[PDB]
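What follows draws every value from the coordinates through simple rules; no lab data is involved. We place every Cβ from the backbone using ideal geometry, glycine too, and count neighbours over all the protein chains shown.
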Amino acid sequence: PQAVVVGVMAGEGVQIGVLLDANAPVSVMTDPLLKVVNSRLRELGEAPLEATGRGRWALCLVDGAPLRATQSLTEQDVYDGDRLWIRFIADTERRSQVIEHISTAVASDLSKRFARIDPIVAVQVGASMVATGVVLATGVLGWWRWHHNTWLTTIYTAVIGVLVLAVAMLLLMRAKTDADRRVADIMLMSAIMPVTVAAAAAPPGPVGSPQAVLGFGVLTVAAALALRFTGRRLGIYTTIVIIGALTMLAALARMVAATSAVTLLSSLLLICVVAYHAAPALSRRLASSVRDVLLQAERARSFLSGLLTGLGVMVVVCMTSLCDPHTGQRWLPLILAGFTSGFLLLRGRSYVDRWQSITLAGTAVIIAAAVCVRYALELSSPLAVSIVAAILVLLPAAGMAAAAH
Amino acid sequence: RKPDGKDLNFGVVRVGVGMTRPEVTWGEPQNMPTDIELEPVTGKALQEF
């Protein structure tokens, strides 16, 4: 217990293993320690560490935070095998500055703490407004067909799709910086929505099972095709491909032959269950020399975050459709939802990434809440709503309490 | 530090931080209006300045 071995970082990146005194105060070690790292760099043939004007030498954690100069190395939470960094921190002492006449003083200070609007942001706002515009146009065009499934909806939407896509094409070829690419990506992202309803609106007669198959088909193909050639925005495109592909299979079955929705809903639930188990494997197969490791790691993470999210959307939509307060053994799907929620709640702890772990955890809570709301709105009664409200408020409160207390 | 006359900082020691007079030398405004003739906005402005 008299000493601990730790790695010390020095100028431009040399890590050196050292055995430090575990109880002397850190300020006693920084001076001779600087001499030692300099001596080794000199023998290695490198350039030593040097001061610049006014400042001081300090010993810090890898995160840069300095250690308290008077405390012992054992008094701080530093253990054998950890690492520290020796660093130069400059002098912050300077004159104070005063403006008395208040109108000028407000303008001067207010201009330094915040950012004014500029032309680069203006263009991104414009792109965001047009994207929002076309999704509203397709919505009203897509609503008219429910009352009149004529050629108008497809003819009108097709030209919009072509026009938006044609613009995005010129922008993608001309883009030079990430600022330009964000504008183009927003423009391209919006082109998928009109083409989808444009295709699905072609088969005549009352809308239903046969029309749906084309929409989810072209949606799945377009999202996948965009990703293939663009190689950016993996998460959003991947999530659309999953929900599109899975819905197309269900739509095809219902169009050909299906005894009940429960059958398809149960089948989808089972397909998602196996997919949740296979998820990390899919991500692994779908994804100067050092660079290769960095690129692969984040790409895998991207595919996995979208995959876990898309499956979440399918199960919440499916589970809320499976449970029912009037059909048969009303309690059977309710307890099945409980068992399903428990699996996701337990399995969510196996993920280290914050958004993957948080998104999975949240997916279980929304399923529980949605079922409670379902059993409150339908089969309505004063006791029923009273009971659900008590359950709905205590449920998350208990989860928070377990972590906070 | 050197004691040989030209070095003005010899025998001087820093004790802390505080107020000091700048090297600027202000000249009084010509033709100043009398107290009853002063306009209110420009009066306090030149005074607080």
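Applying the criterion of being more than 14 Å from chain A (Cβ to nearest Cβ) and either acidic (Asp, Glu) or in contact with a strand residue (DSSP E or B) (Cβ under 9 Å, 6 or more places away or on another chain) (or both) to the residues of chain B, the residue that is farthest from A:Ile99 (Cα to Cα) is B:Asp4.
Here are A:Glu50, A:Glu75, A:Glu93: which of them is touching a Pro at 6+ places or on another chain (Cβ under 9 Å) and not basic (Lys, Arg)?
Values: A:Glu50 fails: touching a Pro at 6+ places or on another chain (Cβ under 9 Å); A:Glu93 fails: touching a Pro at 6+ places or on another chain (Cβ under 9 Å).
A:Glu75 is the lone residue from the list that is touching a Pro at 6+ places or on another chain (Cβ under 9 Å) and not basic (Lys, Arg).
Give the range A:1-13 a look and list any residue that's in contact with a strand residue (DSSP E or B) (Cβ under 9 Å, 6 or more places away or on another chain), closer than 18 Å to A:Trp57 by Cβ and not in a strand (DSSP E or B), or say none. A:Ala10, A:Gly11 - these are the residues of the range A:1-13 that are in contact with a strand residue (DSSP E or B) (Cβ under 9 Å, 6 or more places away or on another chain), closer than 18 Å to A:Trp57 by Cβ and not in a strand (DSSP E or B).
So in the range B:4-49, with the set limited to residues that are surrounded by 10 or more Cβ atoms within 10 Å (Cβ to Cβ) and within 22 Å of A:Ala105 (Cα to Cα), which one is nearest to the chain's Cα centre (by Cα)? Write out each step before concluding.
As a first pass, look at the range B:4-49 and keep what is surrounded by 10 or more Cβ atoms within 10 Å (Cβ to Cβ): B:7, B:10, B:32-33, B:38, B:42-46.
Next, from what is left, pick out any that are within 22 Å of A:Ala105 (Cα to Cα): B:42-46.
Details: B:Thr42: 21, B:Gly43: 20, B:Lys44: 18, B:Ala45: 17, B:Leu46: 15 Å.
Looking at the filtered set, the residue picked out is B:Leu46.
Looking for something farther than 21 Å from A:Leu308 by Cα, over 21 Å from the mean Cα position of the chain (by Cα), assigned to a helix (DSSP H, G or I) and among the charged types (D, E, K, R) - is there at least one such residue anywhere in the range A:159-178? Taking every residue of the range A:159-178 in turn, at least one turns out to be farther than 21 Å from A:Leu308 by Cα, over 21 Å from the mean Cα position of the chain (by Cα), assigned to a helix (DSSP H, G or I) and among the charged types (D, E, K, R). Check every one of the helices (runs of 4 or more DSSP H) wholly within the range A:229-332 and list those with 2 or more residues that are in contact with a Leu (Cβ under 7 Å, 6 or more places away or on another chain) and of a type in the set (D, E, K, R). Per the criteria, no element qualifies. Residues in the range A:80-116 that are under 25 Å from A:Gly53 (Cβ atoms) and among the hydroxyl-bearing types (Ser, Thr, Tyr): 2 in all. Scanning the range A:344-379 for residues that are closer than 20 Å to A:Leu270 by Cβ and surrounded by fewer than 13 Cβ atoms within 10 Å (Cβ to Cβ) turns up just one, A:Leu346.
Here is a list: A:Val98, A:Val106, A:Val123, A:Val78. Which entry is surrounded by 13 or more Cβ atoms within 10 Å (Cβ to Cβ), of a type in the set (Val, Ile, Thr) and farther than 30 Å from A:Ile16 by Cβ? Break it down into steps so the answer makes sense when it comes.
Details: A:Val98 fails: surrounded by 13 or more Cβ atoms within 10 Å (Cβ to Cβ); A:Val106 fails: surrounded by 13 or more Cβ atoms within 10 Å (Cβ to Cβ); A:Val78 fails: farther than 30 Å from A:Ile16 by Cβ.
Criteria check complete, one pass: A:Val123.
Selection of first residues in the range A:91-120 that are within 14 Å of chain B (Cβ to nearest Cβ) and of second residues that are part of a loop (DSSP other than H, G, I, E, B) and surrounded by 10 or more Cβ atoms within 10 Å (Cβ to Cβ), restricted to Cβ pairs under 9 Å at least 6 apart or on distinct chains, gives the following pairs, ordered by first then second residue: A:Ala105/A:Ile99.
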